[PDB]
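Asks: Here you go, one structure.
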Amino acid sequence: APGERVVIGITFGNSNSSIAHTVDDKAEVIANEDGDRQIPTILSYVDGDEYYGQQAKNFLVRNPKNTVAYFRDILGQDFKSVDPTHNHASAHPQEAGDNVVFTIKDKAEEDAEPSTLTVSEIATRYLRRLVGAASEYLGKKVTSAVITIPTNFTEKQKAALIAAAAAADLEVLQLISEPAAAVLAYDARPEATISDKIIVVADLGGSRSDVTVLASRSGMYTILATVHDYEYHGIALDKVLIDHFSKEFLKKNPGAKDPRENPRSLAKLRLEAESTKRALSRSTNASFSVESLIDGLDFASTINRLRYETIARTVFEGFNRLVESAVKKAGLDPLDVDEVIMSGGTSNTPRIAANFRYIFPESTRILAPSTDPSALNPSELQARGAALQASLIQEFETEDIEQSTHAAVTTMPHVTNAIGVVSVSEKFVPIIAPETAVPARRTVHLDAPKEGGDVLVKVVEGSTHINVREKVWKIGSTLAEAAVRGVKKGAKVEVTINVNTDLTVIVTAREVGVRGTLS
Amino acid sequence: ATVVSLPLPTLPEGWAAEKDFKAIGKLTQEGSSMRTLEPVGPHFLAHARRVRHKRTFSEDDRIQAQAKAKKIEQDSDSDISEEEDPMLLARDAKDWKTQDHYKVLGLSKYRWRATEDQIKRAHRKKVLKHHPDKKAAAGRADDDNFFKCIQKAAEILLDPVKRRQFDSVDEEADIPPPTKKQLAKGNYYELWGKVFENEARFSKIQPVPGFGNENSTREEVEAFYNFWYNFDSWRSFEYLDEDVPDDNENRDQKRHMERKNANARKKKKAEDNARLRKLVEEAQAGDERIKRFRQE
Ligand SMILES: Nc1ncnc2c1ncn2[C@@H]1O[C@H](COP(=O)(O)OP(=O)(O)OP(=O)(O)O)[C@@H](O)[C@H]1O
Ligand SMILES: [Mg+2]
């Protein structure tokens, strides 16, 4: 029932998931029974018992054939399109009809035939467990949720997700993009101030990378560009360390077999490399030790953050090439960006944030934990934004969400060029920012002339131009010319510009009045 | 209301209008652009309230054409990537660093003049097609050999510096000079124009003079010759370096091997520079524009 809904926010990624709710209109991330707030999206079975989260991540050694992981992408995807690279260790999907399936032993009996569960079945079980843990934490039964998704999920994938939630007895009020959840996590805070900003969302995960460029004006955001890279990521960061420590171990122990060829050894090396990576992401020095790598041989060594970034230098310029590729695809310049929010678990690395600090001018604000005191957890941004949206839409009727999420509401012709006024001294001042959305009315306060009196407010069109680098405005066609009579010396003149849906432009220039209409 | 510390223009003498306002221009559909919003946030919920008041039931189908007008979606184009795999490139032969790394990835048409985006796209396409787990299940034990070939090509061409090194060493994408008398039967200037632009890649100055036809002016002739005679190139031969056994750890052996490969690299660079100089000399010898210029 709409009046009795129990809503939460869910972030559902390839690597891990997260759950969140709202307390006193403030988003708070939920910890599960294990105490984890970033819960790995991994399922594992032992003796017919279902395990999830950290236990399932740990049980990779215990069960080769009962571990399922990296199944988020496979949802709503045909056999040809699905990629099993990250899933190579996990059960091989078998093409049954159009829906690949994993074959695992989920029954309790030791001589029982293993079940062949579908990807939808697995997503259903995982969302059921997530909802259940949210239910124990809340003390009430969770009934609803808003789930974040990337912008390139197909309609078939959305249908698969809603069907999985329905089979998990969870009704999805709305699917929102992770960049939108991350921006809302900041904008919906009490201390936040709405203002026109160019926002870059850099969601750097384990198996994926997303860079999205948005223009946020009047507290509402319009997507300018998006890029999604599957090559550079936390898995590659773990891999350069697995090879580095495999070389070190092999050199120290002559005649030892390379651990990379043994599945158990490589899994242990990845888990220990990930733990060492997070330890060196929280500290400047990290230890690396594994008892009995192979043939009973132990290994113990150390590594510093400087050596980590030195062996990982190539990915840093890969991320740079990604960010300039995205800005060029959005037709923008680094001088045009106001804020870059760095999101995802990998976003806790200080050196990447410093790299964007050197890439972008100092006027741009880099919202990352190591570069801003007021920053939020990059792994919590999406889940908190989803929880805030769930608390905002928990009372709407399903018809209200359906109508509010249609193209008739979202679509509008954004004014391409800028609208401003010409200033002269004995330059184009923008009033209406470019790429206006729906009806926009902006206000500016300008200085009067040296003595004042009669003053000319000439409103013209404007365009941005880069001069070699520094950004200037270029005055184009003239829109309107108004006059204010007898302005006081040193007084301020208030100028308002309103662009109505009808494309009607209303101009006002009253000193603190003249009004005009452009059809 | 934004406060700006900038002065407004004084009104010119003898200017007036009805209610002190003059309309000159207007906004156009060319001056605007249609994009679609993401349905998120309280200000969007207020906008949706207003739209539900104005229109109630949303005309999604009618406005689908408007949304289709100016929107960007993912472009899936594997038609060029399909290409052809004759005899499966020696039946999935696998041998490090000694094979063709543009045929596996369908790069024959583009070769050096390629884009990282298409490289990534082709890599993803043929990983999906020839993945060992995905497709070798049907008995294709040696498919992983091909997957290894895609992987090797992926690392070698992934980074700019090393991919440039490989291109520089063995691009295998060059035109031999048309010294043959049988070849020398068409227009001399067109026959030579292609070679200079083909090898012009390595120059320091990106804008490069490009020879020309008979009508080429004397100043252009001088500029072209001066630029080619004094030419700086970044062609390098490191990719051909001898590999080292992993067992070796001695600093002395590593130092000795490093010196040996460095000297070989210097020798290769010098011989390449001499070869380029020889080609430039042969071109000057063939050219008759100088003879025409002396005659004027
Ligand atoms: N506290 C941390 N410090 C540093 N790195 C971390 C931390 N927590 C997680 N990571 C790493 O960052 C990545 C997780 O990033 P992110 O939160 O964006 O992933 P996800 O949401 O689980 O997945 P997806 O990328 O599919 O959206 C992984 O590589 C993980 O190992
Ligand atoms: Mg993520």
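Here's how to read the names in the structure tokens: chain A, B, ... by the order shown, residue numbers from 1 in each chain, ligand numbers from 1 in the order shown.
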Can you work out which residues from chain B touch chain A at a cut-off of 7 Å (counting only C-alpha atoms) and hand them back as an MDAnalysis selection string?
Replies: chainID B and resid 1:11 19:27 31:41 43:44 48 51 57:60 63 67 128 133:134
Asks: Near residue B:113, within 12 Å and counting only C-alpha atoms, which residues show up once chain neighbours fewer than 6 positions away are dropped, as JSON, numbers by chain?
Replies: {"B": [102, 107, 119, 164, 167, 171, 173, 198, 201]}
Asks: Would you name the residues within 8 Å of ligand 2, counting only C-alpha atoms and all ligand atoms, and put them as a list in words?
Replies: residues 11, 12, 13, 14, 15, 16, 178, 203, 204, 205, 206, 208, 209, 343, 344, 345, 379 and 382 of chain A
Asks: Could you save those same residues with N, CA and C atoms as an mmCIF file, in the first residue's frame?
Replies:
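Wrote selection.cif, looks like this:
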data_model
loop_
_atom_site.group_PDB
_atom_site.id
_atom_site.type_symbol
_atom_site.label_atom_id
_atom_site.label_comp_id
_atom_site.auth_asym_id
_atom_site.auth_seq_id
_atom_site.Cartn_x
_atom_site.Cartn_y
_atom_site.Cartn_z
ATOM 1 N N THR A 11 22.191 0.369 -4.329
ATOM 2 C CA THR A 11 23.170 0.455 -5.401
ATOM 3 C C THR A 11 23.628 -0.956 -5.727
ATOM 4 N N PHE A 12 23.564 -1.312 -7.008
ATOM 5 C CA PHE A 12 23.755 -2.685 -7.467
ATOM 6 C C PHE A 12 24.801 -2.669 -8.576
ATOM 7 N N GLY A 13 26.058 -2.907 -8.205
ATOM 8 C CA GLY A 13 27.155 -2.873 -9.142
ATOM 9 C C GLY A 13 27.653 -4.275 -9.454
ATOM 10 N N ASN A 14 28.640 -4.328 -10.347
ATOM 11 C CA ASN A 14 29.266 -5.608 -10.655
ATOM 12 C C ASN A 14 30.034 -6.138 -9.448
ATOM 13 N N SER A 15 30.907 -5.311 -8.871
ATOM 14 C CA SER A 15 31.723 -5.721 -7.733
ATOM 15 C C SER A 15 30.907 -5.923 -6.461
ATOM 16 N N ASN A 16 30.318 -4.848 -5.934
ATOM 17 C CA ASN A 16 29.601 -4.911 -4.668
ATOM 18 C C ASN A 16 28.278 -4.163 -4.775
ATOM 19 N N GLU A 178 23.516 6.133 -11.547
ATOM 20 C CA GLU A 178 24.486 6.388 -10.484
ATOM 21 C C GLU A 178 25.027 7.817 -10.496
ATOM 22 N N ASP A 203 32.960 7.630 -11.793
ATOM 23 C CA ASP A 203 32.657 6.443 -10.993
ATOM 24 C C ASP A 203 33.639 5.351 -11.399
ATOM 25 N N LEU A 204 34.676 5.170 -10.588
ATOM 26 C CA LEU A 204 35.751 4.225 -10.869
ATOM 27 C C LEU A 204 35.580 3.008 -9.969
ATOM 28 N N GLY A 205 35.120 1.896 -10.529
ATOM 29 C CA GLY A 205 34.807 0.726 -9.747
ATOM 30 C C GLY A 205 35.876 -0.338 -9.857
ATOM 31 N N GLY A 206 35.458 -1.587 -9.690
ATOM 32 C CA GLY A 206 36.373 -2.707 -9.749
ATOM 33 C C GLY A 206 36.491 -3.254 -11.154
ATOM 34 N N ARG A 208 34.585 -1.794 -13.784
ATOM 35 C CA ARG A 208 34.088 -0.849 -14.775
ATOM 36 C C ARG A 208 34.477 0.580 -14.411
ATOM 37 N N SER A 209 34.409 1.460 -15.412
ATOM 38 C CA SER A 209 34.696 2.874 -15.228
ATOM 39 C C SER A 209 33.657 3.691 -15.977
ATOM 40 N N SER A 343 33.908 9.235 -7.554
ATOM 41 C CA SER A 343 33.025 8.273 -6.907
ATOM 42 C C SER A 343 33.517 6.846 -7.119
ATOM 43 N N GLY A 344 33.023 5.947 -6.271
ATOM 44 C CA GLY A 344 33.424 4.557 -6.286
ATOM 45 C C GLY A 344 34.558 4.258 -5.319
ATOM 46 N N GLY A 345 34.713 2.968 -5.010
ATOM 47 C CA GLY A 345 35.683 2.571 -4.001
ATOM 48 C C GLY A 345 37.104 2.958 -4.362
ATOM 49 N N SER A 379 31.765 5.382 -2.215
ATOM 50 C CA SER A 379 31.041 4.126 -2.319
ATOM 51 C C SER A 379 29.649 4.225 -1.719
ATOM 52 N N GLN A 382 26.013 6.761 -4.266
ATOM 53 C CA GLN A 382 24.899 6.247 -5.056
ATOM 54 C C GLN A 382 23.801 5.683 -4.166
#
Asks: DSSP on the backbone, then: every residue of stretch 51-214 of chain B marked helix (DSSP H, G or I), written as a ChimeraX atom specification.
Replies: /B:51-55,60-69,79-82,88-92,116-129,132-135,143-158,160-170,188-202
Asks: Counting only C-alpha atoms, what is within 12 Å of residue B:206, bar same-chain residues fewer than 4 positions away, as a list in words?
Replies: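 My reading of the contact set: residues 197, 200, 201, 202, 210, 227, 232 and 233 of chain B.
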Asks: Got a sec to tell me which of stretch 7-249 of chain B DSSP assigns to strand (DSSP E or B), as a list in words?
Replies: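 So, restricting stretch 7-249 of chain B to strand (DSSP E or B), we get residues 7, 10, 21, 22, 23, 32, 33, 34, 35 and 36 of chain B.
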Asks: Those residues you just picked out, can you put them in a file as a PDB file, in the first residue's frame with N, CA, C and O atoms?
Replies:
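File written: again-v6.pdb
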ATOM      1  N   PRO B   7      30.139  47.851 -14.653  1.00  0.00           N
ATOM      2  CA  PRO B   7      29.296  48.989 -15.030  1.00  0.00           C
ATOM      3  C   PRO B   7      28.588  48.793 -16.362  1.00  0.00           C
ATOM      4  O   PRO B   7      29.095  48.158 -17.289  1.00  0.00           O
ATOM      5  N   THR B  10      26.480  53.862 -20.615  1.00  0.00           N
ATOM      6  CA  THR B  10      25.678  55.078 -20.605  1.00  0.00           C
ATOM      7  C   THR B  10      24.800  55.155 -21.850  1.00  0.00           C
ATOM      8  O   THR B  10      25.209  54.766 -22.947  1.00  0.00           O
ATOM      9  N   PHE B  21      11.890  50.630 -24.651  1.00  0.00           N
ATOM     10  CA  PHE B  21      12.284  49.276 -25.016  1.00  0.00           C
ATOM     11  C   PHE B  21      12.252  49.115 -26.529  1.00  0.00           C
ATOM     12  O   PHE B  21      11.328  49.592 -27.193  1.00  0.00           O
ATOM     13  N   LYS B  22      13.264  48.434 -27.063  1.00  0.00           N
ATOM     14  CA  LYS B  22      13.380  48.181 -28.495  1.00  0.00           C
ATOM     15  C   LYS B  22      13.697  46.711 -28.715  1.00  0.00           C
ATOM     16  O   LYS B  22      14.711  46.211 -28.216  1.00  0.00           O
ATOM     17  N   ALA B  23      12.827  46.020 -29.447  1.00  0.00           N
ATOM     18  CA  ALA B  23      13.018  44.611 -29.773  1.00  0.00           C
ATOM     19  C   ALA B  23      13.765  44.493 -31.096  1.00  0.00           C
ATOM     20  O   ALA B  23      13.304  45.005 -32.122  1.00  0.00           O
ATOM     21  N   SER B  32      18.157  26.981 -30.324  1.00  0.00           N
ATOM     22  CA  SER B  32      17.894  26.095 -29.196  1.00  0.00           C
ATOM     23  C   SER B  32      18.275  24.655 -29.537  1.00  0.00           C
ATOM     24  O   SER B  32      18.815  24.396 -30.617  1.00  0.00           O
ATOM     25  N   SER B  33      17.992  23.714 -28.633  1.00  0.00           N
ATOM     26  CA  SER B  33      18.302  22.305 -28.859  1.00  0.00           C
ATOM     27  C   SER B  33      17.537  21.454 -27.853  1.00  0.00           C
ATOM     28  O   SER B  33      17.491  21.780 -26.668  1.00  0.00           O
ATOM     29  N   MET B  34      16.979  20.342 -28.326  1.00  0.00           N
ATOM     30  CA  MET B  34      16.182  19.439 -27.498  1.00  0.00           C
ATOM     31  C   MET B  34      17.062  18.371 -26.849  1.00  0.00           C
ATOM     32  O   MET B  34      17.700  17.583 -27.552  1.00  0.00           O
ATOM     33  N   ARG B  35      17.173  18.391 -25.522  1.00  0.00           N
ATOM     34  CA  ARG B  35      17.667  17.233 -24.784  1.00  0.00           C
ATOM     35  C   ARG B  35      16.658  16.790 -23.729  1.00  0.00           C
ATOM     36  O   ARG B  35      15.768  17.544 -23.324  1.00  0.00           O
ATOM     37  N   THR B  36      16.821  15.544 -23.291  1.00  0.00           N
ATOM     38  CA  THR B  36      15.912  14.871 -22.369  1.00  0.00           C
ATOM     39  C   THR B  36      16.527  14.790 -20.977  1.00  0.00           C
ATOM     40  O   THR B  36      17.702  14.438 -20.833  1.00  0.00           O
TER      41      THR B  36
END
Asks: Give me the residues within 8 Å of residue A:464 as a ChimeraX atom specification, counting only C-alpha atoms and dropping any in the same chain fewer than 4 places off.
Replies: /A:471-474
Asks: Please dump the current selection as a PDB file, in the first residue's frame; keep N, CA, C and O atoms.
Replies:
ATOM      1  N   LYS A 471      39.395  31.706 -21.076  1.00  0.00           N
ATOM      2  CA  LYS A 471      38.082  31.752 -21.708  1.00  0.00           C
ATOM      3  C   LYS A 471      37.497  33.159 -21.705  1.00  0.00           C
ATOM      4  O   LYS A 471      37.431  33.810 -20.658  1.00  0.00           O
ATOM      5  N   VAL A 472      37.057  33.612 -22.877  1.00  0.00           N
ATOM      6  CA  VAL A 472      36.388  34.895 -23.029  1.00  0.00           C
ATOM      7  C   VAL A 472      35.027  34.655 -23.673  1.00  0.00           C
ATOM      8  O   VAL A 472      34.736  33.576 -24.189  1.00  0.00           O
ATOM      9  N   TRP A 473      34.192  35.686 -23.632  1.00  0.00           N
ATOM     10  CA  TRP A 473      32.888  35.673 -24.276  1.00  0.00           C
ATOM     11  C   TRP A 473      32.943  36.474 -25.572  1.00  0.00           C
ATOM     12  O   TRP A 473      33.675  37.460 -25.682  1.00  0.00           O
ATOM     13  N   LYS A 474      32.158  36.041 -26.554  1.00  0.00           N
ATOM     14  CA  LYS A 474      32.066  36.718 -27.841  1.00  0.00           C
ATOM     15  C   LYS A 474      30.619  37.125 -28.084  1.00  0.00           C
ATOM     16  O   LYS A 474      29.709  36.293 -28.003  1.00  0.00           O
TER      17      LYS A 474
END
Asks: Skip residue A:268 itself and residues of its chain fewer than 3 positions away, then list as an mmCIF file with C-alpha atoms, in the first residue's frame all residues within 9 Å of it, counting only C-alpha atoms.
Replies:
data_model
loop_
_atom_site.group_PDB
_atom_site.id
_atom_site.type_symbol
_atom_site.label_atom_id
_atom_site.label_comp_id
_atom_site.auth_asym_id
_atom_site.auth_seq_id
_atom_site.Cartn_x
_atom_site.Cartn_y
_atom_site.Cartn_z
ATOM 1 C CA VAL A 61 38.568 -21.543 -1.928
ATOM 2 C CA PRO A 263 43.709 -21.305 -9.421
ATOM 3 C CA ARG A 264 43.919 -21.464 -5.623
ATOM 4 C CA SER A 265 47.191 -19.514 -5.530
ATOM 5 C CA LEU A 271 42.354 -11.389 -2.201
ATOM 6 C CA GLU A 272 45.593 -10.478 -0.423
ATOM 7 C CA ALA A 273 46.502 -7.903 -3.081
ATOM 8 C CA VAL A 290 50.484 -15.212 2.459
ATOM 9 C CA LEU A 293 51.517 -20.151 -1.262
#
Asks: Which residue is closest to ligand 1? Choose from A:149, A:330, A:46, A:337 and count only C-alpha atoms and all ligand atoms.
Replies: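 Checking each of A:149, A:330, A:46, A:337 against ligand 1, counting only C-alpha atoms and all ligand atoms, the winner is A:149.
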Asks: Near residue B:242, counting only C-alpha atoms, which residues have an atom at most 12 Å away, once you skip same-chain residues fewer than 5 positions from it, shown as a PyMOL selection string?
Replies: chain B and resi 97+237+254+257-262+264-265
Asks: Just checking: using only C-alpha atoms and all ligand atoms, which residue out of A:140, A:270, A:156, A:128 ends up closest to ligand 1?
Replies: A:270
Asks: Show me, as a ChimeraX atom specification, the residues that have an atom within 10 Å of residue A:390 when counting only C-alpha atoms, minus same-chain residues fewer than 2 positions from it.
Replies: /A:6-10,20-22,144-147,172-174,384-388,392-395
Asks: Could you save those same residues with N, CA, C and O atoms as a compact mmCIF listing (two decimals), in the first residue's frame?
Replies:
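Okay, this is what ended up in again-v2.txt:
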# COMPACT_ATOMS: atom_id res chain seq x y z
N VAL A 6 7.50 0.56 2.67
CA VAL A 6 8.81 0.61 3.32
C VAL A 6 9.84 0.66 2.20
O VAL A 6 10.13 -0.36 1.57
N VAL A 7 10.40 1.84 1.96
CA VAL A 7 11.28 2.05 0.81
C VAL A 7 12.72 2.12 1.30
O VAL A 7 13.00 2.54 2.43
N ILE A 8 13.63 1.69 0.43
CA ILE A 8 15.07 1.83 0.66
C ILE A 8 15.73 2.24 -0.64
O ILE A 8 15.09 2.29 -1.70
N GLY A 9 17.01 2.57 -0.56
CA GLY A 9 17.84 2.82 -1.73
C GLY A 9 18.87 1.72 -1.87
O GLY A 9 19.48 1.30 -0.88
N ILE A 10 19.05 1.25 -3.10
CA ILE A 10 19.96 0.16 -3.41
C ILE A 10 20.90 0.61 -4.52
O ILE A 10 20.46 1.19 -5.52
N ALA A 20 20.68 1.59 1.74
CA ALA A 20 20.61 2.83 2.50
C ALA A 20 19.15 3.19 2.75
O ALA A 20 18.25 2.75 2.03
N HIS A 21 18.94 4.00 3.78
CA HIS A 21 17.62 4.55 4.10
C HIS A 21 17.79 6.01 4.48
O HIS A 21 18.89 6.57 4.39
N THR A 22 16.70 6.66 4.89
CA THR A 22 16.72 8.06 5.29
C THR A 22 16.24 8.19 6.72
O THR A 22 15.18 7.67 7.08
N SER A 144 9.78 -1.84 -0.57
CA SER A 144 10.03 -1.09 -1.79
C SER A 144 11.47 -0.59 -1.81
O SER A 144 12.14 -0.50 -0.78
N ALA A 145 11.91 -0.20 -3.00
CA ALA A 145 13.28 0.28 -3.16
C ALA A 145 13.42 1.02 -4.48
O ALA A 145 12.71 0.75 -5.45
N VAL A 146 14.35 1.97 -4.49
CA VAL A 146 14.87 2.58 -5.70
C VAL A 146 16.28 2.06 -5.92
O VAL A 146 17.12 2.14 -5.01
N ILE A 147 16.56 1.56 -7.12
CA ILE A 147 17.82 0.91 -7.43
C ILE A 147 18.55 1.72 -8.49
O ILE A 147 17.94 2.14 -9.48
N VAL A 172 9.99 -2.06 -7.48
CA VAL A 172 10.92 -0.98 -7.79
C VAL A 172 10.13 0.25 -8.20
O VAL A 172 9.47 0.25 -9.25
N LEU A 173 10.19 1.30 -7.38
CA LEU A 173 9.50 2.54 -7.72
C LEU A 173 10.15 3.23 -8.92
O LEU A 173 9.45 3.73 -9.80
N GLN A 174 11.48 3.25 -8.97
CA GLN A 174 12.17 3.95 -10.04
C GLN A 174 13.61 3.46 -10.13
O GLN A 174 14.21 3.09 -9.12
N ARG A 384 23.13 6.41 -0.99
CA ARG A 384 22.44 7.47 -0.26
C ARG A 384 21.54 8.29 -1.19
O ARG A 384 20.43 8.67 -0.79
N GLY A 385 21.98 8.56 -2.42
CA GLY A 385 21.11 9.26 -3.35
C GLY A 385 19.87 8.45 -3.69
O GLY A 385 18.77 9.00 -3.79
N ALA A 386 20.03 7.13 -3.84
CA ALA A 386 18.88 6.27 -4.10
C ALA A 386 17.93 6.25 -2.91
O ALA A 386 16.71 6.27 -3.09
N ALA A 387 18.47 6.22 -1.69
CA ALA A 387 17.60 6.26 -0.51
C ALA A 387 16.87 7.59 -0.41
O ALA A 387 15.69 7.63 -0.02
N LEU A 388 17.53 8.69 -0.77
CA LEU A 388 16.87 9.99 -0.74
C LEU A 388 15.75 10.05 -1.78
O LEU A 388 14.67 10.57 -1.49
N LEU A 392 11.78 10.48 -1.16
CA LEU A 392 11.05 11.56 -1.83
C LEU A 392 9.83 11.05 -2.59
O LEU A 392 8.83 11.77 -2.69
N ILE A 393 9.89 9.83 -3.13
CA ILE A 393 8.82 9.34 -3.99
C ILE A 393 8.03 8.21 -3.33
O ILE A 393 7.22 7.55 -4.00
N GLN A 394 8.24 7.97 -2.03
CA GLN A 394 7.59 6.84 -1.37
C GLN A 394 6.08 7.02 -1.25
O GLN A 394 5.37 6.02 -1.11
N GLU A 395 5.57 8.25 -1.29
CA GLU A 395 4.14 8.49 -1.17
C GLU A 395 3.42 8.65 -2.50
O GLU A 395 2.19 8.68 -2.52
